[PDB]
């Protein structure tokens, strides 16, 4: 017999009901058919893969695009699901209008110090109003806010995005302050990043959050994107990362979990699914077994575990595979395959501890 479909097997969220919520990143067109069936049965938390990015919501000043985001919000509400917000501030694909001064010129080019100070206040003003408008619309349904995303540099220190070039660290402080102001004391505010398991980047995130917390900035938790691989990162470095942020009184959430079949870069990717050798899917299952064993071990310190997709037929790792294999290649990062059939990894995370 073939592996059963995802809608034919025991629920993931139910299995982790006493541990932490189980979430999925979705697009609005996934809220129908088999994917909607899978979400209802297996997940109790949602995040928008793309519909609530800054570029999606306010592509130009005062021009709001709520409809895709509102769908996702309604779906969460009417199925009693938690809802993460991705994301309030992010260097990736930020609408260019944010960093254009009053005359139409680029703030990053400005050389006069007094004018650079004016541009900083203008940008912080635009950021505050973006946050205030979105938080005021969605605070009733959002249960975790990714306030800023990917502000640490892989090379060490802070990422020198336009946000940092123009405002220093002030965009981060003002972002959390504004989300707290309009979200209320009950809003849960997160800083999200990837490779939080790499000790040097972990330590830079820790020292940023520690300094900001000492200055009264309201940060409730750390989001660990957890874009991981079969062989990397180690269970030990993941454990050490969660422990370090818990020691500051912060919550931990796994926010964008997916496990590539390949290393970094994903060279040698398979071209079709049926070419993936069984041994490799089983290596993925063994890795997921260990990872979710660690999550349950640390469950008191993790509120939510979200996968960056539902099933292997829609995910961003395919594009990365093609990038490094001359425009051909697929990946298979989830516990439900491209046909929605359970994978070995599903069986290794549904079973009892």
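Numbering follows the first chain given and starts at 1.
With 94-102 and 69-77 compared on mean CA B-factor from the PDB entry, the stretch scoring higher is 94-102. Higher mean CA B-factor, judged across 272-280 and 122-130 from the recorded values: 272-280.
Between the residues 83, 151, 248, 222, the entry's highest C-alpha temperature factor is the one at 248. Highest C-alpha temperature factor among 146, 258, 193, 112, as the PDB entry reports it: 112. Per the deposited record, the Cα B-factor of residue 61 falls in the middle third when ranked against the other modelled residues of its chain. Among the modelled residues of its chain, residue 14 has a C-alpha B-factor that falls in the highest third according to the deposited record.
Residue 295: CA B factor lies in the middle third for its chain, per the PDB record.
Ranked within its chain, residue 171 lands in the middle third, by CA B factor from the PDB record. When all modelled residues of the chain are sorted by CA temperature factor, residue 304 is found within the lowest third.
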